[PDB]
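Quick heads-up: it's one chain on its own, the form deposited in one PDB entry, in structure tokens.
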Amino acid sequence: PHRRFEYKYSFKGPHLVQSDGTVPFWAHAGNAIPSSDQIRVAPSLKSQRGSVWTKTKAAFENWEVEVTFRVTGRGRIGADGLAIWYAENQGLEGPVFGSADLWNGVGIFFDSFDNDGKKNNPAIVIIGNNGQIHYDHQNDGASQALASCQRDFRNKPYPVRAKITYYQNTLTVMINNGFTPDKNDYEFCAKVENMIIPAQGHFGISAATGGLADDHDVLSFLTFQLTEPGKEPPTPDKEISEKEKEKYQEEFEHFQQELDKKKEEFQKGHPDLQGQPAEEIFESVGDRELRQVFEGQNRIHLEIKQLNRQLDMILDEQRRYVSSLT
């Protein structure tokens, strides 16, 4: 299909927030902390609820949503987790992942805590609702789960990417689990066929924290309107010619290469610039525990060195006392 980038239902860095501290075209409520690079929907404190919703309603029958997020915890268990909504009304606050219950629309829940006790979470659950059906928070929505997909999306070296595509009444969720820096590495996660969602609704993202604590950051949110493959008006009259296209793209490329050459000699011209590595900002929880255990052994080494020095001193003192006697 053909995809058009709808800016009014999207947000990205590195200028996510304006001077007023608010996300343009988006309304945030709860404990959400919008920053200049990401939105921390729910920080790593106890009982945090956050939501960011579109101010205006969307009217696309076939759409695509790309969400880049991180869920980072100090332990091996998350707290409540994330949710991506396409509702008809703004939930704001409530018990369902920091948003209100009894919604009219679709909701993709990234659950990181196993409430039911089957040890199947973290998992992605696609749940539709008409307005009167509640959500079982203590059962992870297993009875209402239209499509579940067991994917671990916590504490990954690279941001987890999710692509939710509603096309021809099919909702396809494809997830890049965040092991590689490559953006276009989407693997299949789940699919719901022949699902009816409201014709117009609000996009939204929400997160919640429970007894444990995770940082739920959303780095980007991209909304694309998808048109039909054949029902696209060409309208070639607005196009001028291929001659102007040929007169423009090559001078664009010449400008790019000339700018690269003109920047290279001054990148090394001022050597005061410093860089940072990439692997050093990732460590697994078990690896961190083992490194802490290894770090705890230095005190024993230092105390044994002190003991050895003192014992050598007393040995030399005893030898000098024997020499003094003789």
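Note that residue numbering begins at 1 and tracks the sequence as displayed. So that the term is clear: the rigid core is the largest set of C-alpha atoms that superpose within 1.5 Å between two forms. Shifts are known only where both forms have a C-alpha.
In what follows, reference is made to the form deposited in another entry, a form of this protein that is not presented.
Superposed on the core, the two forms barely differ at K8: its CA moves less than 2 Å between this form and the one not shown. Superposition of the core reveals a Cα shift of 2 Å or more for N308 between this form and the one not shown. The two forms, fitted on the rigid core, differ between this form and the one not shown by 2 Å or more at the CA of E289. Figure legend: C-alpha atoms of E289 and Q48, shown here, are separated by at least 3 angstroms more in the other form.
In the other form, the Cα atoms of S44 and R288 sit 3 Å or more farther from each other than they do here. By the rule of 2 Å per CA over three or more consecutive residues, the rigid core superposition between this form and the one not shown yields one shifted run, at 283-324.
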